Amino acid sequence: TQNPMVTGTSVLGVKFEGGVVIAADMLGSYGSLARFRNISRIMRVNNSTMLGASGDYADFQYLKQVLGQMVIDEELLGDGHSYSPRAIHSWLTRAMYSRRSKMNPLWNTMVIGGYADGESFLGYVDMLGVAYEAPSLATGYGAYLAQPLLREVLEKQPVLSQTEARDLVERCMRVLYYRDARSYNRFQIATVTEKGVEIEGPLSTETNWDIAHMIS
Amino acid sequence: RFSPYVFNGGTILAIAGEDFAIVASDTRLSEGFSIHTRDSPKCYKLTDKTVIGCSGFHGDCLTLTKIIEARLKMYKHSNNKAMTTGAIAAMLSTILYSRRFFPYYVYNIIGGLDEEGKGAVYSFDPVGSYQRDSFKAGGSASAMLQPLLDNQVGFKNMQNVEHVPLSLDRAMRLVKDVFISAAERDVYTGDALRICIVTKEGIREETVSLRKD
Amino acid sequence: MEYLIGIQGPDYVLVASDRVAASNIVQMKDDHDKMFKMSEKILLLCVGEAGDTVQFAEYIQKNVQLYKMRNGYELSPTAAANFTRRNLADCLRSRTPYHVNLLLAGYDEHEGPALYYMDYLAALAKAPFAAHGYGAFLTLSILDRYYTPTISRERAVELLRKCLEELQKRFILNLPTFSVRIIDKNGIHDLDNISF
Amino acid sequence: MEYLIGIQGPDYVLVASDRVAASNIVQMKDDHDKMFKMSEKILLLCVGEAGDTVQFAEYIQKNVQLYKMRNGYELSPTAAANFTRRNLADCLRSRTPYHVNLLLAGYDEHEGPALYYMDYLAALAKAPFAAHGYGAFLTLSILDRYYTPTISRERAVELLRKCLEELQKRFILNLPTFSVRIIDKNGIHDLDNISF
Amino acid sequence: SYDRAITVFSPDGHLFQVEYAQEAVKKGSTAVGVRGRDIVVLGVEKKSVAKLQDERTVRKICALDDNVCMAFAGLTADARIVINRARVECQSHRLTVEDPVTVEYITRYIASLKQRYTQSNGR
Amino acid sequence: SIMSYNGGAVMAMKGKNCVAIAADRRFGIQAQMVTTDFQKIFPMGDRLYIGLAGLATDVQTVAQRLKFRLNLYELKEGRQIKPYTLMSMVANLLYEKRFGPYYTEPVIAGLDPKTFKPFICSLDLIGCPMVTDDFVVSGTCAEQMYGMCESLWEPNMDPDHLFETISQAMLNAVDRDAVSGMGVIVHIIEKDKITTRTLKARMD
Amino acid sequence: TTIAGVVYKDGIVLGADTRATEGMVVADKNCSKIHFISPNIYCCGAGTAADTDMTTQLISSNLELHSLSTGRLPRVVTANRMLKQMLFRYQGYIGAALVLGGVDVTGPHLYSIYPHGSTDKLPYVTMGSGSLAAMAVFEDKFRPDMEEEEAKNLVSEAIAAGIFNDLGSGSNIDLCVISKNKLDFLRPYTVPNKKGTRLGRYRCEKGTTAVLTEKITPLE
Amino acid sequence: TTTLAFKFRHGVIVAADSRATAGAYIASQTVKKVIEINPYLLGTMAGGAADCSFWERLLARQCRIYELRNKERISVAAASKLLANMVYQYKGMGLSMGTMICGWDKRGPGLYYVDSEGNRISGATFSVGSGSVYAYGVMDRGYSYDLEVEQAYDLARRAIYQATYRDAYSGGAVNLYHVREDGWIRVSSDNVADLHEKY
Amino acid sequence: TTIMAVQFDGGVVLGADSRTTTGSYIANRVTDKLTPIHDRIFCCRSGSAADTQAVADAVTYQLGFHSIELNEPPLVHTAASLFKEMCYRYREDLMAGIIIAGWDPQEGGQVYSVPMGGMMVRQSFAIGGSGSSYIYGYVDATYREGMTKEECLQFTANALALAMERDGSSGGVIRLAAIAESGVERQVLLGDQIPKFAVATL
Amino acid sequence: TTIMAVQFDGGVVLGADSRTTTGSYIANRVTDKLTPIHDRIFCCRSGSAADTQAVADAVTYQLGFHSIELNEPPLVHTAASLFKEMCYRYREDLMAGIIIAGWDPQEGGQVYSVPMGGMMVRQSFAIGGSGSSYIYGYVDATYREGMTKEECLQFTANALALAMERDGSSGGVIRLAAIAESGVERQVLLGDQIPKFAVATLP
Ligand SMILES: [Cl-]
Ligand SMILES: [Cl-]
Ligand SMILES: [Cl-]
Ligand SMILES: [Cl-]
Ligand SMILES: [Cl-]
Ligand SMILES: [Cl-]
Ligand SMILES: [Cl-]
Ligand SMILES: [Cl-]
Ligand SMILES: [Cl-]
Ligand SMILES: [Cl-]
Ligand SMILES: [Cl-]
Ligand SMILES: [Cl-]
Ligand SMILES: [Cl-]
Ligand SMILES: [Cl-]
Ligand SMILES: [Cl-]
Ligand SMILES: [Cl-]
Ligand SMILES: [Cl-]
Ligand SMILES: [Cl-]
Ligand SMILES: [Cl-]
Ligand SMILES: [Cl-]
Ligand SMILES: [K+]
Ligand SMILES: [K+]
Ligand SMILES: [K+]
Ligand SMILES: [Mg+2]
Ligand SMILES: [Mg+2]
Ligand SMILES: [Mg+2]
Ligand SMILES: [Mg+2]
Ligand SMILES: [Mg+2]
Ligand SMILES: [Mg+2]
Ligand SMILES: [Mg+2]
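Chains as they are written, first to last, in UniProt numbering: chain A, 46 to 261; chain B, 29 to 241; chain C, 1 to 196; chain D, 1 to 196; chain E, 2 to 124; chain F, 2 to 205; chain G, 44 to 263; chain H, 60 to 258; chain I, 35 to 236; chain J, 35 to 237.
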């Protein structure tokens with residue numbers, strides 16, 4: 046992609062005790078137009094790993110196609126080895142870097158969440174092959190609006206319960222809906238634990254508009 | 029138009045002693061006016077005797093370190109010995125030059141022991157020009173660090189001062205001081221300072237807290 | 001490309017300038033003079049953009065002469081250099097900037113010889129020797145190498161010649177002749193052209 | 001800027017070229033030779049972009065010499081000029097064009113003296129006299145004014161000198177010395193450099 | 002393209018196609034070289050006479066460059082190929098090293114060309 | 002960069018009852034040194050100095066036009082200007098040219114003419130003032146200067162220690178800048194005297 | 044820069060960080076960004092520092108002339124109009140982004156003012172390179188009619204969010220609290236950032252620096 | 060950078076400064092700009108540091124292969140031509156190299172200027188780099204073929220020194236080498252600040 | 035932004051969304067884009083906030099003074115003319131798309147558009163702003179001659195809700211005003227009060 | 035252009051305007067923008083006429099061959115996937131906004147959008163082309179789950195008529211197609227058959 050077309054906004058993620066939660070709204074925007082209002086921007090990769098993507102939705106669908114086929118291929122072998130979250134994140138880093146280096150990027154920013162061998166995994170990869178791990182992540186405007194809130198809570202309490210992480214994510218989604226003009230109040234939350242990957246949705250945040258009467 | 033590069037910050041420093049080398053870096057990874065993470069060291073262990081510091085575009089830092097890792101294993105397989113600090117440096121110069129027309133946006137400094145067991149520092153530009161140094165700063169705050177090292181390690185501009193060998197204890201104090209000074213003024217340098225000390229006994233690690241603003 | 005040079009001894013300032021006016025691939029004049037007499041003991045040497053150079057220098061010249069007529073005595077070299085600088089600086093950001101590079105050479109009764117360098121931006125520096133033009137790149141190091149503060153005028157004309165011979169040898173432009181003048185307590189003296 | 005000149009008489013071709021290699025504001029060599037011997041009776045004079053000039057001329061030179069070894073006799077001046085043109089023209093729209101301007105001077109047993117002009121586009125013209133470089137602008141009219149087809153070699157060298165003296169007088173670039181050679185039935189002869 | 006292995010080993014370590022090439026040389030016209038003190042001479046059995054021949058066109062002594070020449074024996078059409086390859090190489094040498102070739106240099110070049118045609122597919 | 006066309010470096014530093022101000026000596030045009038004694042620090046009072054780095058023409062113009070305004074001020078007020086007031090005067094002068102600025106970023110160092118309290122500040126090219134209690138730097142090697150000042154400066158230095166600190170901070174900073182150096186001048190300002198020194202310095 | 048303001052039950056709380064940068068280098072660690080307009084009106088400034096300084100100084104001065112003439116305490120609306128009409132006339136070339144708050148005869152008022160001359164009257168606002176971080180805190184935690192201490196807590200939390208998440212922001216948190224009965228200019232309010240220790244000592248003794256020339260000039 | 064070289068009766072003098080810059084930042088003052096290609100050939104670094112070092116290292120490789128294949132040392136002419144031919148293919152791609160190839164072969168002392176623009180020229184004296192105009196002035200006024208060895212050293216040293224004074228991009232130390240018939244020798248390394256005190 | 039006004043027998047209804055954006059950051063989510071120009075004359079503002087605030091302030095001044103001089107309520111047509119004169123004269127330096135609507139005793143309820151460029155036309159109903167593109171079809175199909183005040187308020191709220199769903203540059207709350215001989219009645223629709231039309235799921 | 039398709043129980047309705055412009059010259063006022071890809075699968079074409087004709091012809095070829103090999107009617111989802119693969123792969127060299135709609139025995143009536151860039155999404159109804167901007171509001175307000183065939187044809191004709199009034203790049207006649215297990219039924223609305231909505235002229 047040289048010129049992104051239909052795009053998704055922020056993806057959020059946070060580690061918690063026993064898992065990882067990621068969130069993304071269900072909108073594909075076409076410039077300012079809220080065009081495709083019921084699309085999933087999250088993929089279950091395999092039992093231990095999930096992915097959420099900002100940016101060009103066609104390129105995300107391509108990655109979903111390729112990655113989905115890679116997991117099918119591995120499962121056919123029935124040999125007791127599976128791609129860990131970290132392995133998937135590595136692969137994605139290489140794939141994005143390689144496409145960058147051909148001056149033909151996949152126009153995406155991604156959040157990979159996972160749970161394997163008692164460890165929560167949360168990793169970022171961008172369209173240039175910049176990749177890293179952290180206890181919480183937020184792409185797009187989420188970097189400016191949601192990440193400060195995630196990090197403030199994590200400083201007071203680095204280990205969150207599932208429910209605490211889930212409530213924190215809902216608070217961030219609300220903030221994004223108030224302040225990102227490319228957001229939409231219909232979203233999914235995906236959780237990975239010992240039990241696997243669960244995608245919940247469509248969800249909505251309650252909103253407050255009391256400030257409308259507080260101009261003077 | 030697409031730009032294949034971004035600047036991700038990072039300051040690196042290496043110092044050669046008589047029987048040690050230090051490689052140090054901050055742990056902030058930045059982009060634009062934002063912090064990606066506060067825990068991203070810029071130092072990588074290559075062998076028991078050699079560490080490399082890498083700053084600049086993180087996409088290239090990650091790719092280049094993985095290439096170096098593969099090349100060290102290939103070397104060991106074909107030659108039946110680990111690559112020396114010097115050979116790593118010479119090889120890295122050629123890897124960087126292979127991208128002369130689409131460079132790795134990476135400033136590299138190698139610190140390690142040479143074949144006599146003495147500290148060795150090699151510094152590089154992005155296309156692989158390099159040389160051996162006594163000490164060298166790279167990356168975001170390098171202009172802030174280097175003059176103090178010139179003064180305090182090189183004894184430059186000082187009269188009536190004995191030119192003593194650099195102890196590990198004094199090298200460590202200098203390292204911590206120049207990073208604390210840099211964290212005050214360079215917006216990109218912060219969070220924490222990671223220090224690797226290479227000696228004959230192995231590589232040990234210290235970390236010191238820096239300001240988080 | 002025009003060349004100016006000055007060399008200040010203890011009681012004199014020696015100056016020289018090429019005698020070429022060029023246009024495109026031709027020399028159109030080979031006896032051109034780049035020096036302007038401001039007063040009995042001041043020369044302004046001026047190079048740069050066509051039109052600007054003569055317009056600027058002649059404006060300065062007339063105003064220096066006016067000051068003499070109004071007041072019955074002359075501006076000092078230093079006062080003249082600062083007056084020149086003020087005008088160039090004042091015009092820098094105007095609708096009429098002057099794209100000129102200058103040397104001002106003078107002798108003052110009480111202060112002795114002075115040589116001033118100015119660029120088109122109007123930075124003013126006093127110097128023991130100086131040069132303007134692409135030829136300065138090839139000659140300034142010769143001056144740094146051989147000069148002294150007490151250099152006699154016979155020796156200074158040799159030093160000047162070495163600079164000019166270096167242009168004949170090494171510079172890509174054809175600058176075969178140079179005007180040469182010296183200023184001292186007794187005013188401005190014309191010396192022989194140095195010619196190749 | 002580099003200068004080449006050729007003058008064809010009845011039974012000879014006289015050529016000259018400046019001896020300067022320049023870079024930015026300096027001459028870096030003052031005994032440079034722009035002539036390449038292709039065979040016993042052919043000189044190629046080549047100017048233009050750095051790298052391209054030598055690479056092109058030496059490629060031609062080797063191939064002319066190869067023809068001689070393969071066949072036991074030499075290419076004629078005309079055949080050599082056309083070979084040169086074919087190569088330059090074939091490269092013109094390739095990934096490796098050569099930015100070179102040329103004269104080719106030769107003597108053929110049966111056809112006599114020949115002088116060919118080629119520009120970087122690879123247009124080829126036979127001429128009784130020709131020149132390349134900015135210096136040609138100042139010298140061609142001198143050739144038009146004084147040349148005749150029966151011009152003796154001792155007169156041709158005087159005519160050449162007048163052209164070179166014109167460059168010293170009027171051309172803005174410092175070209176103080178020139179290589180001079182003449183070709184006739186007896187091969188290529190070096191003449192004294194013409195120097196100023 | 003034709004990739005048959007033509008020159009191969011046989012059971013006693015022989016390369017039969019090379020040995021047969023040597024038989025071709027042995028049926029060629031005799032050629033002699035003698036190295037003198039300050040002269041070197043080549044002489045060759047003409048091949049024929051044949052009074053109706055244009056002598057010039059069948060010489061078996063050939064200049065490679067101004068300072069090097071050669072004679073050959075064996076297949077004349079093959080020799081012409083080797084000669085013209087060497088002539089090209091003499092000009093490359095002058096081009097890149099700005100000296101004529103040594104006799105040894107060009108001999109070495111010719112020898113390695115010949116060795117390659119004993120170890121390359123299709124030839 | 003317009004600001005690097007001439008190069009140059011200035012700094013000021015606070016001590017116990019004293020201030021210091023320093024500058025390099027080079028006047029150059031891009032790569033070419035023209036002189037090695039170019040004045041960048043100017044007296045604005047017995048115990049008050051202004052140092053200017055940036056485009057040499059504007060260094061000179063701002064110093065001269067500032068002196069014009071200050072001389073008139075002192076004649077009208079019948080007193081020496083306070084350091085903070087000089088800062089404000091300079092800010093006003095620079096901001097008048099907000100939409101075609103002078104390319105200079107001054108530093109001021111002095112002692113109050115009545116109380117002798119130390120003052121230092123710097124201004125950007127459009128007149129934004131910054132007062133500090135330690136040091137200020139301006140020039141083509143600001144980063145190098147920050148590194149030296151951050152590491153060496155300490156509070157309440159006596160004049161001898163202040164002199165060594167500002168000197169070492171300047172010398173080692175400019176030695177990592179191609180277009181600053183060719184000498185260093187240092188003024189130490191105290192209640193009862195000014196001490197002016199040129200330093201042994203690299204000339205490359 | 045991170046600057047912010049809120050309307051609380053009895054007044055206004057303004058906030059600001061104290062970093063000023065030149066490029067990606069910290070020039071000032073203790074810049075004052077909360078500017079006096081009148082005794083009852085203050086204004087935080089972001090954008091081009093000389094423009095925020097000179098613009099607030101000018102309006103403050105014109106407002107003083109106004110209040111000297113009227114004999115009355117100035118109105119926040121009046122500062123707002125004067126600022127916006129001047130900024131509009133300059134077409135965004137005066138790079139002043141302002142948070143204006145005060146308390147007048149009609150109570151508390153808070154406005155954001157942009158360089159091109161638009162203004163918004165709101166119960167909370169943020170500006171500067173840290174404004175999104177600070178706004179996130181407000182959207183998550185602002186309630187109408189907060190008590191003074193809660194409002195001070197909220198604003199400092201918002202400024203801290205900018206401080207820690209924006210490379211353009213840093214050093215201290217300043218607050219200004221304005222009510223009918225009081226003005227508390229709290230500089231600093233909090234100092235979440237501190238230089239680390241110096242571990243070595245570089246105290247260079249007399250004669251360490253080689254000297255070429257010296258002149259002492261005694262003064263009266 | 061300032062580099063120079065000249066042929067004279069007793070071989071070739073080769074000299075350089077030691078400064079590298081990145082914009083106005085001085086990145087090093089200990090650059091080795093005289094490149095030891097092999098024991099009988101020197102090269103010099105100006106323009107792009109990596110470009111000179113890489114291509115002169117490739118030159119060194121090829122000269123050694125040559126020596127092994129041919130059983131004799133490559134000429135200065137041939138070595139300079141190998142380098143010219145290597146870089147010619149990259150014209151227009153932004154290599155920056157200006158080098159002097161310095162040796163002593165069967166034609167005696169040899170000196171060629173070679174650059175990334177495609178130039179390759181033999182000559183008596185050259186200077187290359189941002190400070191070359193300043194070195195030329197001093198070298199040209201003092202140069203003769205018949206300079207005694209110590210006089211040639213002094214000239215080379217002083218020409219580099221004077222370039223470092225005027226050229227912001229030149230400085231550090233002056234490094235001086237002498238190509239003799241049996242190989243080159245390192246003559247001296249003098250800090251510019253110590254030369255200042257002397258001159 | 036989305037703005038709208040609609041005429042009924044005896045008055046006008048005005049409405050706007052409340053979103054102000056810089057790029058895709060929402061700088062004000064509760065903007066009041068309906069600005070009073072006189073007792074019974076409002077304007078709806080779209081385009082540059084600086085420009086529309088400046089122009090509205092200036093017209094308010096001009097119309098106020100005019101009205102005091104004449105000792106009569108101003109004509110809606112006069113207010114629109116004042117906007118038009120300024121928007122046309124300064125069309126190369128403004129990015130302003132305005133709807134003027136109100137009531138006067140001479141001509142009753144009236145709606146004028148002054149789009150970018152500074153033309154002026156009276157309309158039965160007007161829409162503007164970035165979000166208006168998405169509701170041309172809807173308004174063209176839904177508009178009926180003779181709508182009551184309560185019907186016009188519903189029509190405006192529905193149209194604005196639809197625009198707000200689709201236009202990234204529009205959103206927040208719906209501000210409505212009805213103007214008639216009796217005065218001005220303002221209200222806000224927020225949250226669940228905003229008309230809702232399902233996403234076409236499955 | 036304005037294009038649209040809408041699902042009902044047992045089939046789909048497709049529609050388009052008929053205007054092809056070069057700049058603001060109408061080069062074809064009776065364009066057929068509904069292209070058959072197989073017996074019961076159509077595409078609606080918007081964007082570059084060269085691109086959409088070339089892509090439609092290629093997919094028709096690919097799908098025809100596939101269908102002979104499998105000896106079965108093709109899936110609508112397979113047709114859409116083939117368009118998607120081509121529109122995605124060549125996204126830098128195409129200006130194509132496609133709607134694929136049809137019927138197959140496995141999944142019944144289906145509508146897919148393949149907008150510019152080459153994503154693919156199944157929708158209850160889809161709209162595209164330059165004129166679609168003007169009818170988002172109308173379709174959002176008007177759409178109802180469970181519409182009959184005769185209601186879906188009315189909905190489509192009304193939406194297209196509204197878009198055509200407002201969009202300079204849309205107009206002419208309305209071409210409609212209904213696809214179901216029984217076949218394809220095509221019709222044209224022209225002149226007075228095109229739904230009419232008054233201009234709101236002044237009281
Ligand atoms: Cl959807
Ligand atoms: Cl999934
Ligand atoms: Cl040869
Ligand atoms: Cl003034
Ligand atoms: Cl107001
Ligand atoms: Cl800011
Ligand atoms: Cl060195
Ligand atoms: Cl070889
Ligand atoms: Cl040569
Ligand atoms: Cl250089
Ligand atoms: Cl000497
Ligand atoms: Cl607004
Ligand atoms: Cl409009
Ligand atoms: Cl509008
Ligand atoms: Cl709008
Ligand atoms: Cl909103
Ligand atoms: Cl039509
Ligand atoms: Cl589309
Ligand atoms: Cl479409
Ligand atoms: Cl279309
Ligand atoms: K920092
Ligand atoms: K919206
Ligand atoms: K239409
Ligand atoms: Mg910060
Ligand atoms: Mg002019
Ligand atoms: Mg080329
Ligand atoms: Mg320096
Ligand atoms: Mg220097
Ligand atoms: Mg405007
Ligand atoms: Mg096309």
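C-beta: ideal position from N, C-alpha, C; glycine also.
Partner residues on chain C for D/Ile172, Cβ-Cβ distance less than 7 Å = Residue mapping note: residue 172 of chain D aligns to position 172 of the fourth sequence, counting from 1. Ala22, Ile25, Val26, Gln27, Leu173 and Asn174, listed in chain order.
Measuring only between beta-carbons, confirm whether I/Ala84 sits less than 9 Å from chain A.
-> Position 50 of the ninth sequence holds residue 84 of chain I. It does not; no Cβ of chain A falls within 9 Å.
At a cut-off of 8 Å, is J/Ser80 close to ligand 18 when judged by its beta-carbon and the heavy atoms of the ligand?
-> Within the tenth sequence, the letter at position 46 stands for residue 80 of chain J. It does: the Cβ of J/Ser80 is within 8 Å (strictly closer) of some heavy atom of ligand 18.
Proximal residues of chain A, C-beta to C-beta of G/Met189 below 7 Å | Position 146 of the seventh sequence, counted from the start, is the residue given in the question as residue 189 of chain G. In chain order: nothing, as chain A lies at least about 12 Å away.
In whole angstroms, what separates the C-alpha of I/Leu194 from that of J/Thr176?
-> Along the ninth sequence, read from residue 1 onward, the residue named residue 194 of chain I stands at position 160. Along the tenth sequence, read from residue 1 onward, the residue named residue 176 of chain J stands at position 142. Distance between the alpha carbons of I/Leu194 and J/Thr176: 15 Å.
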